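File shown: work.pdb. Contents: PDB, N, CA and C atoms.
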ATOM      1  N   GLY A   1     114.990 343.054  12.217
ATOM      2  CA  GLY A   1     114.434 341.918  12.927
ATOM      3  C   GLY A   1     115.441 341.264  13.852
ATOM      4  N   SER A   2     115.638 339.960  13.683
ATOM      5  CA  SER A   2     116.577 339.214  14.514
ATOM      6  C   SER A   2     117.842 338.874  13.732
ATOM      7  N   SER A   3     118.945 339.521  14.096
ATOM      8  CA  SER A   3     120.220 339.290  13.427
ATOM      9  C   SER A   3     120.083 339.468  11.918
ATOM     10  N   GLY A   4     119.361 340.509  11.514
ATOM     11  CA  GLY A   4     119.165 340.772  10.100
ATOM     12  C   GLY A   4     118.103 341.823   9.847
ATOM     13  N   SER A   5     118.314 342.641   8.822
ATOM     14  CA  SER A   5     117.370 343.698   8.478
ATOM     15  C   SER A   5     116.527 343.303   7.269
ATOM     16  N   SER A   6     116.107 342.042   7.236
ATOM     17  CA  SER A   6     115.297 341.535   6.134
ATOM     18  C   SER A   6     114.423 340.371   6.592
ATOM     19  N   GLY A   7     113.577 339.884   5.691
ATOM     20  CA  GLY A   7     112.698 338.777   6.020
ATOM     21  C   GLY A   7     111.299 338.963   5.469
ATOM     22  N   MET A   8     110.663 337.860   5.088
ATOM     23  CA  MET A   8     109.312 337.907   4.539
ATOM     24  C   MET A   8     108.272 337.821   5.651
ATOM     25  N   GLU A   9     108.366 338.731   6.617
ATOM     26  CA  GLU A   9     107.432 338.754   7.736
ATOM     27  C   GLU A   9     106.069 339.281   7.297
ATOM     28  N   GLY A  10     105.243 338.390   6.757
ATOM     29  CA  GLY A  10     103.921 338.784   6.303
ATOM     30  C   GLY A  10     103.103 337.606   5.812
ATOM     31  N   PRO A  11     103.406 337.138   4.592
ATOM     32  CA  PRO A  11     102.703 336.006   3.982
ATOM     33  C   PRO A  11     103.018 334.685   4.675
ATOM     34  N   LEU A  12     104.012 334.707   5.555
ATOM     35  CA  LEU A  12     104.412 333.510   6.287
ATOM     36  C   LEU A  12     103.492 333.267   7.479
ATOM     37  N   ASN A  13     103.330 334.288   8.314
ATOM     38  CA  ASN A  13     102.475 334.186   9.490
ATOM     39  C   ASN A  13     101.044 333.835   9.094
ATOM     40  N   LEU A  14     100.537 334.511   8.069
ATOM     41  CA  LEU A  14      99.180 334.271   7.590
ATOM     42  C   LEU A  14      98.958 332.789   7.308
ATOM     43  N   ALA A  15      99.864 332.194   6.540
ATOM     44  CA  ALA A  15      99.769 330.780   6.199
ATOM     45  C   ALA A  15      99.825 329.909   7.449
ATOM     46  N   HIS A  16     100.588 330.357   8.442
ATOM     47  CA  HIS A  16     100.728 329.617   9.692
ATOM     48  C   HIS A  16      99.393 329.539  10.429
ATOM     49  N   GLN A  17      98.653 330.643  10.420
ATOM     50  CA  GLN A  17      97.358 330.698  11.088
ATOM     51  C   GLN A  17      96.474 329.530  10.663
ATOM     52  N   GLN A  18      96.550 329.173   9.384
ATOM     53  CA  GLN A  18      95.755 328.073   8.851
ATOM     54  C   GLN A  18      96.307 326.728   9.315
ATOM     55  N   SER A  19      97.610 326.537   9.142
ATOM     56  CA  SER A  19      98.260 325.293   9.539
ATOM     57  C   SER A  19      97.636 324.739  10.817
ATOM     58  N   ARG A  20      97.629 325.555  11.866
ATOM     59  CA  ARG A  20      97.064 325.147  13.147
ATOM     60  C   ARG A  20      95.733 324.428  12.949
ATOM     61  N   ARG A  21      94.791 325.106  12.302
ATOM     62  CA  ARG A  21      93.474 324.533  12.049
ATOM     63  C   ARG A  21      93.593 323.106  11.520
ATOM     64  N   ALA A  22      94.329 322.947  10.425
ATOM     65  CA  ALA A  22      94.524 321.635   9.820
ATOM     66  C   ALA A  22      94.950 320.608  10.862
ATOM     67  N   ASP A  23      95.868 321.004  11.737
ATOM     68  CA  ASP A  23      96.359 320.117  12.785
ATOM     69  C   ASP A  23      95.245 319.760  13.763
ATOM     70  N   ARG A  24      94.572 320.781  14.284
ATOM     71  CA  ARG A  24      93.484 320.574  15.232
ATOM     72  C   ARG A  24      92.405 319.675  14.635
ATOM     73  N   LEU A  25      92.270 319.719  13.314
ATOM     74  CA  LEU A  25      91.275 318.909  12.619
ATOM     75  C   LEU A  25      91.746 317.466  12.486
ATOM     76  N   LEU A  26      93.026 317.293  12.174
ATOM     77  CA  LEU A  26      93.603 315.962  12.020
ATOM     78  C   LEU A  26      93.370 315.118  13.269
ATOM     79  N   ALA A  27      93.563 315.729  14.434
ATOM     80  CA  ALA A  27      93.370 315.037  15.701
ATOM     81  C   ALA A  27      91.923 314.584  15.865
ATOM     82  N   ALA A  28      90.997 315.376  15.336
ATOM     83  CA  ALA A  28      89.577 315.056  15.423
ATOM     84  C   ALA A  28      89.144 314.161  14.267
ATOM     85  N   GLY A  29      90.120 313.670  13.507
ATOM     86  CA  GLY A  29      89.820 312.808  12.379
ATOM     87  C   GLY A  29      89.184 313.561  11.227
ATOM     88  N   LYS A  30      89.164 314.886  11.326
ATOM     89  CA  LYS A  30      88.582 315.723  10.285
ATOM     90  C   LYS A  30      89.566 315.929   9.137
ATOM     91  N   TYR A  31      90.238 314.853   8.742
ATOM     92  CA  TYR A  31      91.208 314.915   7.656
ATOM     93  C   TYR A  31      90.728 315.848   6.548
ATOM     94  N   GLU A  32      89.645 315.458   5.884
ATOM     95  CA  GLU A  32      89.083 316.259   4.802
ATOM     96  C   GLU A  32      89.229 317.748   5.096
ATOM     97  N   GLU A  33      88.654 318.184   6.212
ATOM     98  CA  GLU A  33      88.719 319.586   6.607
ATOM     99  C   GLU A  33      90.151 320.108   6.529
ATOM    100  N   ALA A  34      91.093 319.307   7.015
ATOM    101  CA  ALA A  34      92.501 319.687   6.999
ATOM    102  C   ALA A  34      93.035 319.756   5.573
ATOM    103  N   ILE A  35      92.764 318.714   4.794
ATOM    104  CA  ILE A  35      93.217 318.658   3.409
ATOM    105  C   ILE A  35      93.118 320.026   2.742
ATOM    106  N   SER A  36      91.914 320.590   2.740
ATOM    107  CA  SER A  36      91.684 321.896   2.132
ATOM    108  C   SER A  36      92.567 322.959   2.779
ATOM    109  N   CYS A  37      92.506 323.044   4.103
ATOM    110  CA  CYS A  37      93.299 324.018   4.845
ATOM    111  C   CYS A  37      94.663 324.219   4.192
ATOM    112  N   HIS A  38      95.310 323.114   3.834
ATOM    113  CA  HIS A  38      96.623 323.168   3.202
ATOM    114  C   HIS A  38      96.519 323.705   1.778
ATOM    115  N   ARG A  39      95.475 323.289   1.069
ATOM    116  CA  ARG A  39      95.262 323.726  -0.306
ATOM    117  C   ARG A  39      95.241 325.250  -0.394
ATOM    118  N   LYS A  40      94.604 325.885   0.584
ATOM    119  CA  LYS A  40      94.512 327.341   0.618
ATOM    120  C   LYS A  40      95.879 327.965   0.877
ATOM    121  N   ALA A  41      96.455 327.662   2.035
ATOM    122  CA  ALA A  41      97.762 328.191   2.401
ATOM    123  C   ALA A  41      98.737 328.103   1.232
ATOM    124  N   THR A  42      98.842 326.915   0.643
ATOM    125  CA  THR A  42      99.740 326.697  -0.484
ATOM    126  C   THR A  42      99.446 327.673  -1.618
ATOM    127  N   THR A  43      98.192 327.700  -2.060
ATOM    128  CA  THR A  43      97.781 328.588  -3.139
ATOM    129  C   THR A  43      98.230 330.020  -2.874
ATOM    130  N   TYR A  44      98.070 330.465  -1.633
ATOM    131  CA  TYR A  44      98.457 331.818  -1.250
ATOM    132  C   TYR A  44      99.973 331.986  -1.301
ATOM    133  N   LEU A  45     100.690 330.944  -0.895
ATOM    134  CA  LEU A  45     102.149 330.974  -0.894
ATOM    135  C   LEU A  45     102.691 331.098  -2.315
ATOM    136  N   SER A  46     102.244 330.207  -3.194
ATOM    137  CA  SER A  46     102.686 330.217  -4.584
ATOM    138  C   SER A  46     102.469 331.589  -5.213
ATOM    139  N   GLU A  47     101.396 332.258  -4.803
ATOM    140  CA  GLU A  47     101.074 333.581  -5.328
ATOM    141  C   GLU A  47     102.023 334.635  -4.763
ATOM    142  N   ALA A  48     102.342 334.509  -3.480
ATOM    143  CA  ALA A  48     103.238 335.449  -2.819
ATOM    144  C   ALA A  48     104.520 335.641  -3.623
ATOM    145  N   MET A  49     105.234 334.545  -3.860
ATOM    146  CA  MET A  49     106.479 334.593  -4.618
ATOM    147  C   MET A  49     106.254 335.208  -5.996
ATOM    148  N   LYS A  50     105.070 334.980  -6.554
ATOM    149  CA  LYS A  50     104.728 335.511  -7.868
ATOM    150  C   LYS A  50     104.450 337.008  -7.794
ATOM    151  N   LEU A  51     104.632 337.582  -6.610
ATOM    152  CA  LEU A  51     104.403 339.008  -6.406
ATOM    153  C   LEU A  51     105.690 339.714  -5.994
ATOM    154  N   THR A  52     106.412 339.115  -5.052
ATOM    155  CA  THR A  52     107.664 339.684  -4.570
ATOM    156  C   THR A  52     108.729 339.673  -5.661
ATOM    157  N   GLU A  53     109.423 340.797  -5.815
ATOM    158  CA  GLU A  53     110.469 340.914  -6.824
ATOM    159  C   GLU A  53     111.846 340.662  -6.212
ATOM    160  N   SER A  54     111.856 340.125  -4.997
ATOM    161  CA  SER A  54     113.105 339.839  -4.299
ATOM    162  C   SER A  54     113.432 338.350  -4.361
ATOM    163  N   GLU A  55     114.699 338.019  -4.134
ATOM    164  CA  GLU A  55     115.142 336.630  -4.164
ATOM    165  C   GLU A  55     114.867 335.942  -2.830
ATOM    166  N   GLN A  56     115.579 336.370  -1.792
ATOM    167  CA  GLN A  56     115.412 335.794  -0.463
ATOM    168  C   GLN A  56     113.938 335.557  -0.153
ATOM    169  N   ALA A  57     113.146 336.623  -0.216
ATOM    170  CA  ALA A  57     111.717 336.531   0.057
ATOM    171  C   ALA A  57     111.115 335.287  -0.588
ATOM    172  N   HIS A  58     111.374 335.112  -1.880
ATOM    173  CA  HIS A  58     110.857 333.963  -2.615
ATOM    174  C   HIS A  58     111.305 332.657  -1.965
ATOM    175  N   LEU A  59     112.542 332.635  -1.483
ATOM    176  CA  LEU A  59     113.092 331.447  -0.839
ATOM    177  C   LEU A  59     112.255 331.049   0.374
ATOM    178  N   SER A  60     112.080 331.987   1.299
ATOM    179  CA  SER A  60     111.303 331.734   2.506
ATOM    180  C   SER A  60     109.953 331.110   2.163
ATOM    181  N   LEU A  61     109.518 331.305   0.923
ATOM    182  CA  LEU A  61     108.243 330.762   0.466
ATOM    183  C   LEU A  61     108.420 329.357  -0.098
ATOM    184  N   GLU A  62     109.346 329.215  -1.042
ATOM    185  CA  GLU A  62     109.614 327.923  -1.660
ATOM    186  C   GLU A  62     109.924 326.866  -0.604
ATOM    187  N   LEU A  63     110.382 327.319   0.559
ATOM    188  CA  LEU A  63     110.717 326.414   1.654
ATOM    189  C   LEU A  63     109.482 326.086   2.486
ATOM    190  N   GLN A  64     108.744 327.121   2.874
ATOM    191  CA  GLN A  64     107.537 326.941   3.673
ATOM    192  C   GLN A  64     106.506 326.105   2.922
ATOM    193  N   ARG A  65     106.474 326.260   1.603
ATOM    194  CA  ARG A  65     105.534 325.520   0.768
ATOM    195  C   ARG A  65     105.779 324.017   0.875
ATOM    196  N   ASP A  66     107.039 323.618   0.742
ATOM    197  CA  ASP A  66     107.407 322.209   0.823
ATOM    198  C   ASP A  66     106.525 321.475   1.828
ATOM    199  N   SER A  67     106.657 321.838   3.099
ATOM    200  CA  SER A  67     105.877 321.210   4.159
ATOM    201  C   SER A  67     104.383 321.311   3.866
ATOM    202  N   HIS A  68     103.901 322.538   3.697
ATOM    203  CA  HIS A  68     102.490 322.774   3.411
ATOM    204  C   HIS A  68     101.937 321.697   2.484
ATOM    205  N   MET A  69     102.810 321.125   1.661
ATOM    206  CA  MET A  69     102.407 320.082   0.725
ATOM    207  C   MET A  69     102.700 318.698   1.296
ATOM    208  N   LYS A  70     103.857 318.558   1.932
ATOM    209  CA  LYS A  70     104.256 317.286   2.525
ATOM    210  C   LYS A  70     103.160 316.743   3.436
ATOM    211  N   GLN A  71     102.487 317.643   4.146
ATOM    212  CA  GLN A  71     101.415 317.252   5.053
ATOM    213  C   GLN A  71     100.143 316.919   4.282
ATOM    214  N   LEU A  72      99.907 317.648   3.196
ATOM    215  CA  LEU A  72      98.725 317.431   2.370
ATOM    216  C   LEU A  72      98.691 316.004   1.833
ATOM    217  N   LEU A  73      99.807 315.566   1.261
ATOM    218  CA  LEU A  73      99.906 314.219   0.711
ATOM    219  C   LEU A  73      99.808 313.169   1.814
ATOM    220  N   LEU A  74     100.383 313.480   2.971
ATOM    221  CA  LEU A  74     100.358 312.566   4.107
ATOM    222  C   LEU A  74      98.939 312.399   4.640
ATOM    223  N   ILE A  75      98.240 313.516   4.809
ATOM    224  CA  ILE A  75      96.871 313.491   5.310
ATOM    225  C   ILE A  75      95.945 312.765   4.340
ATOM    226  N   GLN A  76      96.010 313.146   3.069
ATOM    227  CA  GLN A  76      95.177 312.530   2.043
ATOM    228  C   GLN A  76      95.248 311.009   2.126
ATOM    229  N   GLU A  77      96.451 310.467   1.965
ATOM    230  CA  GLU A  77      96.651 309.024   2.021
ATOM    231  C   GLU A  77      96.144 308.455   3.343
ATOM    232  N   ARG A  78      96.396 309.179   4.428
ATOM    233  CA  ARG A  78      95.967 308.747   5.752
ATOM    234  C   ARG A  78      94.444 308.714   5.846
ATOM    235  N   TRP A  79      93.783 309.293   4.852
ATOM    236  CA  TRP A  79      92.325 309.331   4.823
ATOM    237  C   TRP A  79      91.764 308.121   4.085
ATOM    238  N   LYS A  80      92.066 308.027   2.795
ATOM    239  CA  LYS A  80      91.594 306.917   1.976
ATOM    240  C   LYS A  80      91.765 305.589   2.708
ATOM    241  N   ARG A  81      92.783 305.515   3.559
ATOM    242  CA  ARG A  81      93.056 304.303   4.320
ATOM    243  C   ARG A  81      92.019 304.108   5.422
ATOM    244  N   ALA A  82      91.765 305.168   6.182
ATOM    245  CA  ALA A  82      90.793 305.115   7.268
ATOM    246  C   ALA A  82      89.387 304.866   6.734
ATOM    247  N   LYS A  83      89.090 305.438   5.573
ATOM    248  CA  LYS A  83      87.779 305.280   4.953
ATOM    249  C   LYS A  83      87.385 303.807   4.884
ATOM    250  N   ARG A  84      88.361 302.952   4.599
ATOM    251  CA  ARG A  84      88.116 301.517   4.503
ATOM    252  C   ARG A  84      88.378 300.831   5.840
ATOM    253  N   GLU A  85      89.497 301.176   6.468
ATOM    254  CA  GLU A  85      89.864 300.593   7.753
ATOM    255  C   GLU A  85      88.826 300.930   8.820
ATOM    256  N   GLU A  86      88.704 302.216   9.133
ATOM    257  CA  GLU A  86      87.749 302.670  10.138
ATOM    258  C   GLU A  86      86.396 301.993   9.948
ATOM    259  N   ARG A  87      85.897 302.015   8.716
ATOM    260  CA  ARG A  87      84.612 301.406   8.401
ATOM    261  C   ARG A  87      84.587 299.940   8.824
ATOM    262  N   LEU A  88      85.755 299.307   8.815
ATOM    263  CA  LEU A  88      85.868 297.904   9.197
ATOM    264  C   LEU A  88      85.968 297.758  10.712
ATOM    265  N   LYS A  89      86.928 298.457  11.307
ATOM    266  CA  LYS A  89      87.127 298.410  12.750
ATOM    267  C   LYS A  89      85.934 299.013  13.485
ATOM    268  N   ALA A  90      85.155 299.822  12.775
ATOM    269  CA  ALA A  90      83.982 300.459  13.359
ATOM    270  C   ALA A  90      82.780 299.520  13.339
ATOM    271  N   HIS A  91      82.045 299.486  14.446
ATOM    272  CA  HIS A  91      80.869 298.629  14.555
ATOM    273  C   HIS A  91      79.755 299.114  13.633
ATOM    274  N   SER A  92      79.623 298.464  12.480
ATOM    275  CA  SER A  92      78.600 298.833  11.509
ATOM    276  C   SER A  92      78.383 297.712  10.497
ATOM    277  N   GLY A  93      77.330 297.842   9.694
ATOM    278  CA  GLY A  93      77.030 296.833   8.695
ATOM    279  C   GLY A  93      76.113 295.749   9.223
ATOM    280  N   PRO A  94      76.136 294.578   8.568
ATOM    281  CA  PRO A  94      75.305 293.436   8.960
ATOM    282  C   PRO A  94      75.753 292.819  10.280
ATOM    283  N   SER A  95      74.803 292.246  11.012
ATOM    284  CA  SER A  95      75.100 291.622  12.296
ATOM    285  C   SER A  95      74.801 290.126  12.256
ATOM    286  N   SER A  96      75.201 289.420  13.309
ATOM    287  CA  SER A  96      74.980 287.981  13.393
ATOM    288  C   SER A  96      73.500 287.670  13.596
ATOM    289  N   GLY A  97      72.938 288.182  14.687
ATOM    290  CA  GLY A  97      71.536 287.949  14.978
ATOM    291  C   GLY A  97      70.809 289.216  15.384
TER     292      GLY A  97
END
Transcribe the structure of this file into structure tokens.
Amino acid sequence: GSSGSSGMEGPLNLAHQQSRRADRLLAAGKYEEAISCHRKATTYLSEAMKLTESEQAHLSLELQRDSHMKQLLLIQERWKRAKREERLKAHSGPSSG
């Protein structure tokens, strides 16, 4: 590959394909949709390492996973907040007259 004859070039790209979706959804306020997106990628990552009998390979996973989760927790919280906020800032409910 690049400055090295090793690397987990496989389960990494696949997980990346999903990441994008989650992002494109976040912008559209489709948090929920994104939330899952991460749940899948992560699940697949955790399994990858549970398959590879190499050390380095496992590392590239334990690292990529971190974020895959860091965003999940960030999005989730960013949702429960909007659920109440948005509903407030959004024109809805009872009116004056």
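Put simply, CA of residue 10 in chain A is 9.7 Å away from CA of residue 48 in chain A.
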### Task
To one decimal in Å, tell me the separation between CA of residue 43 in chain A and CA of residue 5 in chain A.
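These two atoms are separated by 27.3 Å.
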### Message
To one decimal place in Å, what is the distance between atom N of residue 93 in chain A and CA of residue 79 in chain A?
### Response
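Going from atom N of residue 93 in chain A over to CA of residue 79 in chain A, I get 19.5 Å.
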### Task
Output the residue selection produced by the PyMOL selection byres ((chain A and resi 15-19) around 8) on the file above, formatted as a ChimeraX atom specification.
/A:10-14,20-25,37-38,40-42,44-45,68
### Query
A:67, A:78, A:72, A:47: which is nearest residue 34 in chain A, counting only N, CA and C atoms?
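Of A:67, A:78, A:72, A:47, the one nearest residue 34 in chain A is A:72, counting only N, CA and C atoms.
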Secondary structure check, helix (DSSP H, G or I) residues of chain A, as a compact mmCIF listing (two decimals) with N, CA and C atoms, in the frame of the given file:
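Resulting contents of states_37.txt:
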# COMPACT_ATOMS: atom_id res chain seq x y z
N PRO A 11 103.41 337.14 4.59
CA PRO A 11 102.70 336.01 3.98
C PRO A 11 103.02 334.68 4.68
N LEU A 12 104.01 334.71 5.56
CA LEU A 12 104.41 333.51 6.29
C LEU A 12 103.49 333.27 7.48
N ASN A 13 103.33 334.29 8.31
CA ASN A 13 102.48 334.19 9.49
C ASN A 13 101.04 333.84 9.09
N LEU A 14 100.54 334.51 8.07
CA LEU A 14 99.18 334.27 7.59
C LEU A 14 98.96 332.79 7.31
N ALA A 15 99.86 332.19 6.54
CA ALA A 15 99.77 330.78 6.20
C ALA A 15 99.82 329.91 7.45
N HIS A 16 100.59 330.36 8.44
CA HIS A 16 100.73 329.62 9.69
C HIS A 16 99.39 329.54 10.43
N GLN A 17 98.65 330.64 10.42
CA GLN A 17 97.36 330.70 11.09
C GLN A 17 96.47 329.53 10.66
N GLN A 18 96.55 329.17 9.38
CA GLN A 18 95.76 328.07 8.85
C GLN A 18 96.31 326.73 9.32
N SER A 19 97.61 326.54 9.14
CA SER A 19 98.26 325.29 9.54
C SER A 19 97.64 324.74 10.82
N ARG A 20 97.63 325.56 11.87
CA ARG A 20 97.06 325.15 13.15
C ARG A 20 95.73 324.43 12.95
N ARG A 21 94.79 325.11 12.30
CA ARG A 21 93.47 324.53 12.05
C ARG A 21 93.59 323.11 11.52
N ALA A 22 94.33 322.95 10.42
CA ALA A 22 94.52 321.64 9.82
C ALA A 22 94.95 320.61 10.86
N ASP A 23 95.87 321.00 11.74
CA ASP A 23 96.36 320.12 12.78
C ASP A 23 95.24 319.76 13.76
N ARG A 24 94.57 320.78 14.28
CA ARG A 24 93.48 320.57 15.23
C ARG A 24 92.40 319.68 14.64
N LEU A 25 92.27 319.72 13.31
CA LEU A 25 91.28 318.91 12.62
C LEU A 25 91.75 317.47 12.49
N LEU A 26 93.03 317.29 12.17
CA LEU A 26 93.60 315.96 12.02
C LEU A 26 93.37 315.12 13.27
N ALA A 27 93.56 315.73 14.43
CA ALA A 27 93.37 315.04 15.70
C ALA A 27 91.92 314.58 15.86
N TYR A 31 90.24 314.85 8.74
CA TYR A 31 91.21 314.92 7.66
C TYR A 31 90.73 315.85 6.55
N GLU A 32 89.64 315.46 5.88
CA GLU A 32 89.08 316.26 4.80
C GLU A 32 89.23 317.75 5.10
N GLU A 33 88.65 318.18 6.21
CA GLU A 33 88.72 319.59 6.61
C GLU A 33 90.15 320.11 6.53
N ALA A 34 91.09 319.31 7.02
CA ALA A 34 92.50 319.69 7.00
C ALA A 34 93.04 319.76 5.57
N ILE A 35 92.76 318.71 4.79
CA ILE A 35 93.22 318.66 3.41
C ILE A 35 93.12 320.03 2.74
N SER A 36 91.91 320.59 2.74
CA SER A 36 91.68 321.90 2.13
C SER A 36 92.57 322.96 2.78
N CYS A 37 92.51 323.04 4.10
CA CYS A 37 93.30 324.02 4.84
C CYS A 37 94.66 324.22 4.19
N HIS A 38 95.31 323.11 3.83
CA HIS A 38 96.62 323.17 3.20
C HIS A 38 96.52 323.70 1.78
N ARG A 39 95.48 323.29 1.07
CA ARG A 39 95.26 323.73 -0.31
C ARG A 39 95.24 325.25 -0.39
N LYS A 40 94.60 325.88 0.58
CA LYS A 40 94.51 327.34 0.62
C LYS A 40 95.88 327.96 0.88
N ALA A 41 96.46 327.66 2.04
CA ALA A 41 97.76 328.19 2.40
C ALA A 41 98.74 328.10 1.23
N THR A 42 98.84 326.92 0.64
CA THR A 42 99.74 326.70 -0.48
C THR A 42 99.45 327.67 -1.62
N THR A 43 98.19 327.70 -2.06
CA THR A 43 97.78 328.59 -3.14
C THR A 43 98.23 330.02 -2.87
N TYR A 44 98.07 330.46 -1.63
CA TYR A 44 98.46 331.82 -1.25
C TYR A 44 99.97 331.99 -1.30
N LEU A 45 100.69 330.94 -0.90
CA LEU A 45 102.15 330.97 -0.89
C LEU A 45 102.69 331.10 -2.32
N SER A 46 102.24 330.21 -3.19
CA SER A 46 102.69 330.22 -4.58
C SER A 46 102.47 331.59 -5.21
N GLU A 47 101.40 332.26 -4.80
CA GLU A 47 101.07 333.58 -5.33
C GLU A 47 102.02 334.64 -4.76
N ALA A 48 102.34 334.51 -3.48
CA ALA A 48 103.24 335.45 -2.82
C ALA A 48 104.52 335.64 -3.62
N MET A 49 105.23 334.54 -3.86
CA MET A 49 106.48 334.59 -4.62
C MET A 49 106.25 335.21 -6.00
N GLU A 55 114.70 338.02 -4.13
CA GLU A 55 115.14 336.63 -4.16
C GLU A 55 114.87 335.94 -2.83
N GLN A 56 115.58 336.37 -1.79
CA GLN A 56 115.41 335.79 -0.46
C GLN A 56 113.94 335.56 -0.15
N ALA A 57 113.15 336.62 -0.22
CA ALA A 57 111.72 336.53 0.06
C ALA A 57 111.12 335.29 -0.59
N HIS A 58 111.37 335.11 -1.88
CA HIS A 58 110.86 333.96 -2.62
C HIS A 58 111.30 332.66 -1.96
N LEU A 59 112.54 332.64 -1.48
CA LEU A 59 113.09 331.45 -0.84
C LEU A 59 112.26 331.05 0.37
N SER A 60 112.08 331.99 1.30
CA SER A 60 111.30 331.73 2.51
C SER A 60 109.95 331.11 2.16
N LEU A 61 109.52 331.30 0.92
CA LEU A 61 108.24 330.76 0.47
C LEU A 61 108.42 329.36 -0.10
N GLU A 62 109.35 329.22 -1.04
CA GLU A 62 109.61 327.92 -1.66
C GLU A 62 109.92 326.87 -0.60
N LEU A 63 110.38 327.32 0.56
CA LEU A 63 110.72 326.41 1.65
C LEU A 63 109.48 326.09 2.49
N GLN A 64 108.74 327.12 2.87
CA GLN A 64 107.54 326.94 3.67
C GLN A 64 106.51 326.10 2.92
N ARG A 65 106.47 326.26 1.60
CA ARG A 65 105.53 325.52 0.77
C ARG A 65 105.78 324.02 0.88
N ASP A 66 107.04 323.62 0.74
CA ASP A 66 107.41 322.21 0.82
C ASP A 66 106.52 321.48 1.83
N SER A 67 106.66 321.84 3.10
CA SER A 67 105.88 321.21 4.16
C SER A 67 104.38 321.31 3.87
N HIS A 68 103.90 322.54 3.70
CA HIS A 68 102.49 322.77 3.41
C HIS A 68 101.94 321.70 2.48
N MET A 69 102.81 321.12 1.66
CA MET A 69 102.41 320.08 0.72
C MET A 69 102.70 318.70 1.30
N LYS A 70 103.86 318.56 1.93
CA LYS A 70 104.26 317.29 2.52
C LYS A 70 103.16 316.74 3.44
N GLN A 71 102.49 317.64 4.15
CA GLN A 71 101.42 317.25 5.05
C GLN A 71 100.14 316.92 4.28
N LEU A 72 99.91 317.65 3.20
CA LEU A 72 98.72 317.43 2.37
C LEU A 72 98.69 316.00 1.83
N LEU A 73 99.81 315.57 1.26
CA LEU A 73 99.91 314.22 0.71
C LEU A 73 99.81 313.17 1.81
N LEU A 74 100.38 313.48 2.97
CA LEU A 74 100.36 312.57 4.11
C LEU A 74 98.94 312.40 4.64
N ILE A 75 98.24 313.52 4.81
CA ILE A 75 96.87 313.49 5.31
C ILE A 75 95.94 312.76 4.34
N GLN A 76 96.01 313.15 3.07
CA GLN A 76 95.18 312.53 2.04
C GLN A 76 95.25 311.01 2.13
N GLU A 77 96.45 310.47 1.96
CA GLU A 77 96.65 309.02 2.02
C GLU A 77 96.14 308.46 3.34
N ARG A 78 96.40 309.18 4.43
CA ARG A 78 95.97 308.75 5.75
C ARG A 78 94.44 308.71 5.85
N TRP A 79 93.78 309.29 4.85
CA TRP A 79 92.32 309.33 4.82
C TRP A 79 91.76 308.12 4.08
N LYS A 80 92.07 308.03 2.80
CA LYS A 80 91.59 306.92 1.98
C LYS A 80 91.76 305.59 2.71
N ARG A 81 92.78 305.52 3.56
CA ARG A 81 93.06 304.30 4.32
C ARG A 81 92.02 304.11 5.42
N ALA A 82 91.76 305.17 6.18
CA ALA A 82 90.79 305.12 7.27
C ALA A 82 89.39 304.87 6.73
N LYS A 83 89.09 305.44 5.57
CA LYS A 83 87.78 305.28 4.95
C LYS A 83 87.38 303.81 4.88
N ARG A 84 88.36 302.95 4.60
CA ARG A 84 88.12 301.52 4.50
C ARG A 84 88.38 300.83 5.84
N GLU A 85 89.50 301.18 6.47
CA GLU A 85 89.86 300.59 7.75
C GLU A 85 88.83 300.93 8.82
N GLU A 86 88.70 302.22 9.13
CA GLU A 86 87.75 302.67 10.14
C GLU A 86 86.40 301.99 9.95
N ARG A 87 85.90 302.02 8.72
CA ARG A 87 84.61 301.41 8.40
C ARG A 87 84.59 299.94 8.82
N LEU A 88 85.76 299.31 8.82
CA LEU A 88 85.87 297.90 9.20
C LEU A 88 85.97 297.76 10.71
N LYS A 89 86.93 298.46 11.31
CA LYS A 89 87.13 298.41 12.75
C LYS A 89 85.93 299.01 13.48
